[PDB]
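Novice: Have a look at this one.
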Amino acid sequence: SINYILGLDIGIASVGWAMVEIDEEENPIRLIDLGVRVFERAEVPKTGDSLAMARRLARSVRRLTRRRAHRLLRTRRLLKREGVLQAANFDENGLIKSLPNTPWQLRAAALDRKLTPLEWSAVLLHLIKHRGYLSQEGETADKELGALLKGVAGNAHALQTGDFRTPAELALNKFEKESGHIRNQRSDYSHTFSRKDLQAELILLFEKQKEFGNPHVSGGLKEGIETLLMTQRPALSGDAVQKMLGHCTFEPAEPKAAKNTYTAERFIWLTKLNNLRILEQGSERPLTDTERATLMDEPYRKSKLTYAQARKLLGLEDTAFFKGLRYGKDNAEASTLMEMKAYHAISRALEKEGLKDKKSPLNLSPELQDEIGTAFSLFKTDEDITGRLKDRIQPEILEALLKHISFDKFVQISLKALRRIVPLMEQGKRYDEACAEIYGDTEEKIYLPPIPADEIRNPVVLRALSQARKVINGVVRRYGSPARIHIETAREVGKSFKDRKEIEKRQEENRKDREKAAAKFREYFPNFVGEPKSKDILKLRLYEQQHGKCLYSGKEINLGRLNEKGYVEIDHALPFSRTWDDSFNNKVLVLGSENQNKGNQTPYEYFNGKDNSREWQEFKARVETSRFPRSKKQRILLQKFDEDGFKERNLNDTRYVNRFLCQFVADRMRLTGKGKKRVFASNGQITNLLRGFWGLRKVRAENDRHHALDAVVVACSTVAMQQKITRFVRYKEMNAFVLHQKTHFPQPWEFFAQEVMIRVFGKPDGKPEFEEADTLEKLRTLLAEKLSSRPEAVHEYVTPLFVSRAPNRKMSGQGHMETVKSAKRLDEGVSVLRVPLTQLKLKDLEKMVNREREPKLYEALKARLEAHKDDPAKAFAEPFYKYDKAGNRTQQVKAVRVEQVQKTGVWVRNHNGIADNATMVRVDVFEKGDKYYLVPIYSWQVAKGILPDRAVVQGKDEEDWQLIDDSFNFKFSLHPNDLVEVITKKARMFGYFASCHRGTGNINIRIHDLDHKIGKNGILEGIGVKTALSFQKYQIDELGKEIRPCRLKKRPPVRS
Amino acid sequence: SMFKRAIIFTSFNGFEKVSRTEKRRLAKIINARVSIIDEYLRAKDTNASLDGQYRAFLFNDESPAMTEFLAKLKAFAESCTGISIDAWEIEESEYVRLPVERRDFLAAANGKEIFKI
């Protein structure tokens, strides 16, 4: 039973944790346990797609093909029921025998001639199979669907205007004569037809065949066939889409709804307006009631209320700048600040159709606007919306609205709750005050409950928080409930894939910008001790940025005497002791002589700033005429800030993830905290500062282990430690004497740096060449030798760090590769694939099936390919034909058959095709005669239920493998990311199984911490286990403990 | 050891058309020297920043980089028949001792002329 703080460091693919045993006085004294837990981040890695997307797309494809086949089956059953095929025109399975293959021609000729049961059946089945596109009205808004719609609408207009009478006749004549094909190809939506046109054609065909005397034009048949051609299931209902999103959380009975809503838009507007404060050079202030009243109605009156436009309305007078606005960017005040999208969308729809006098206020009630928003956000068809708003608004207005309007995107509050909030908020009263006044807002247990997927709407964040939960629960099980939990989450957690990519881009931009700056520093100071740190480049940059003038005095400063120690200091304008702010906005370059009488005062409070002393006016003029950004100049001259509030905002991180985590862990965990918040979300900047100043230099390490290092720092950041640091900084700004030399910046305890380094990396810092203390003996002896002074540096919990990789024992997944190949010539190791000429490369054509039998074609294609430098899409961009012996042109070519290698595969499409293996889900390991045999198990084998017979052999093509029988002893099954041990002749290999090559029977294992010095990027490749001495599989928990060999009894099956 | 600021003033001669490509060349020349320390003399492509502007670049005249830069500037000036560059040179001691109101002008006045073109 120990009193300890648990420090967590959360990122998109790692959680590092540390345990610190503290005094009752909350001072950190003992480092107990640390670990790292790494997983794969919850997105498709290269593109940022979600893992669910790949599965959902396949699901919708499954449903589409299934429903089409079912509809066609019902059509055939209806044909039999209505006499049309009379009996046993069908085959052993429900398909019609001797069905004609000319349905386009028969459809076109059905208008002029009585058809036949076979031809009539073919026509109706063809109409059912190809029933064209359905509108689902105002559809012009989406990249392609626009293109398909362009083709559809073009062909519909051409059908009705140019006299061709039906889709069949127009399609036949135009497509055959002008293109040589009817059905679309490769992506083209040129010949697509709308369902309306095909329904008209079906009606006309029934009329004509009644005219010509077709025994089967029964009312039953017409009813059935029309219903089959027109019916499809309803899209998601209002209540169903509402069931998808949570209850309001304010009024459980009512749902959260409708961004495009007068009430919702007004909530957004009032939140912005109430939170909008203007900073004028000097200090901050919020809008007076008259200013808010002035701006309140302008978003409705104008199209958008631009920031500069708002400056016009208030006569704001430059030297008055908006806060929450990047003013360095040029013409920044063209930003929107507010746009009522819904109000103006409704207004533009009415304006554009003749029901609204433009720039006359929309007279519709707030209730009606809310209703329109909810209706248009909940239904995706004209009919449904038509009913909903047919209840409450006049017909012409609704028809106009159904045109031009597309709505989406809900906002997590019930219109009843927002209705109560926005009258309360209009009065004034920031959001939380009104919310508490209307409905003011705790069941503790030992173990953190699962992360609520509702509050965390993000897959990456959900997986990161879930693995943090697993880490927490394991730590608590092993050591009991923690006193406090400190949290430090990466900047990248909770950011769009676009956002993270752009952040990486600018990080590299800053890398090269700083390298250029460093080169400039080297040129200016050629003789310099080693390489320039960050503060040195900042010194030079501030020197040039300040006009070569010390900002506190205006006395010129000698360049080249910059690194003459103590000549120039980087002063914090606002004192660190009172603000805990060391931004790049709070750093000025001053002389050592002048920066000794400032004390712990702000620049405003030191140049008096209250009587406008001419020293203060000189200083303010100096800072305003420097090449400082606006933000920096604002901060330097703050005058009237909230000391404690400002240092608090600079001390912790208030992001969405961190606030949610602090409230969640505080609510539902044991956590024997003293009582004030018991959960702390450390600001990243201050944590990096503490790392640097506590001797934790940012190492040059591949290890995921560094994640634990940070976790230690955040765990030592306690209120007592913070106040001790503040006191030290205070006594340091007033020139301490309480001696001078031995006044190390307060550390959690002595030799903290060295012990933490040994504990995390198993090496004394600065010796990456040294060998690691792999074992308890090695580590404890190293700690007792290089930290003989420290009594508690060794104890019963000090074990080497072993990073824990979340396992993946999933038995499911892609059964085979996506393209299906011809399997006829599979006795020979080959398969055939139709390769277009646009994709045709020389190494494809060299294996054409008809390379021997089409020598003219072979030579023509080969020569053509030689030209244009083997560029497939370029070479065959102009139509390619075949030629007879007499030189005549005969017939085009679109694609040729190409041979491919195929030694293994999966049977697909009614055993009429072969596809490549996808990904192995398991490897069964057998021992026979001190040699190891790997049987690979793929997912299609799991589906079919066939526990494989044969184990790999290096070079034999798949057929000739070692058949496994009861003479072999089976040891274990390997899933991806299981811990394995390969004791071999060369060395001893330990690590997480990653891949098992099937052409070699070797396996790759990731080193647990992915140290780049080992293998290539931490992966041992091509380890041969056939002739290993030992080959065993181990188990490991979240924390990296309990590492034991596991012995399986029986080989497990593939299905249950 | 001793830091020299090269004050260069870019003017338009009026004689000939501006030749936007020449503006790009001059922008590249000036921007070669700019880094985040003295990014405030970023070379734009419009006349407003290229015509009639003083820019003071800091060099270390115990390094042969100043001379190459000024030679490139002179070569461009000879090329452009319609853009004129004037170069000066001042010790950074006297430059920083000037009053920051029109320092580039005053330093040009107080500096040994280098090349007029």
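Chain labels follow the order of the structure tokens: the first chain is A, the next B, and so on; residue numbering restarts at 1 in every chain, and ligands are counted from 1 in their shown order.
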Taking only C-alpha atoms into account, what are the residues of chain B at most 9 Å from chain A, put as a ChimeraX atom specification?

Specialist: /B:1-3,35-38,40,58-60,63,65,92-93,95-97,100-101

Novice: Looking only at the backbone, which of the residues in segment 740-952 of chain A does DSSP tag as strand (DSSP E or B), as number ranges by chain?

Specialist: A: 804-805, 816, 821-822, 831-836, 848, 880-883, 889-893, 895-900, 906-908, 913-915, 917, 920-927, 932-938, 950-951

Novice: Work out how far apart atom CA of residue 939 of chain A and atom CA of residue 1000 of chain A are and give it in Å to one decimal.

Specialist: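 Straight-line distance from atom CA of residue 939 of chain A to atom CA of residue 1000 of chain A works out to 20.5 Å.
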
Novice: I'd like the contact shell of residue 826 of chain A - 12 Å cut-off, only C-alpha atoms, skipping same-chain residues fewer than 3 positions apart - returned as a ChimeraX atom specification.

Specialist: /A:821-823,829-832,899-905,907,912-914

Novice: Any idea what the distance is between atom CA of residue 855 of chain A and atom CA of residue 827 of chain A?

Specialist: 25.8 Å

Novice: Quick one: residues within 8 Å of segment 73-78 of chain B, only C-alpha atoms counted, chain neighbours fewer than 6 positions away excluded, as JSON, numbers by chain?

Specialist: {"B": [25, 26, 29, 84, 85, 115, 117]}

Novice: From segment 26-107 of chain B, collect each residue whose DSSP state is helix (DSSP H, G or I) and return the set as a ChimeraX atom specification.

Specialist: /B:26-33,36-41,47-50,65-80,92-97,103-107
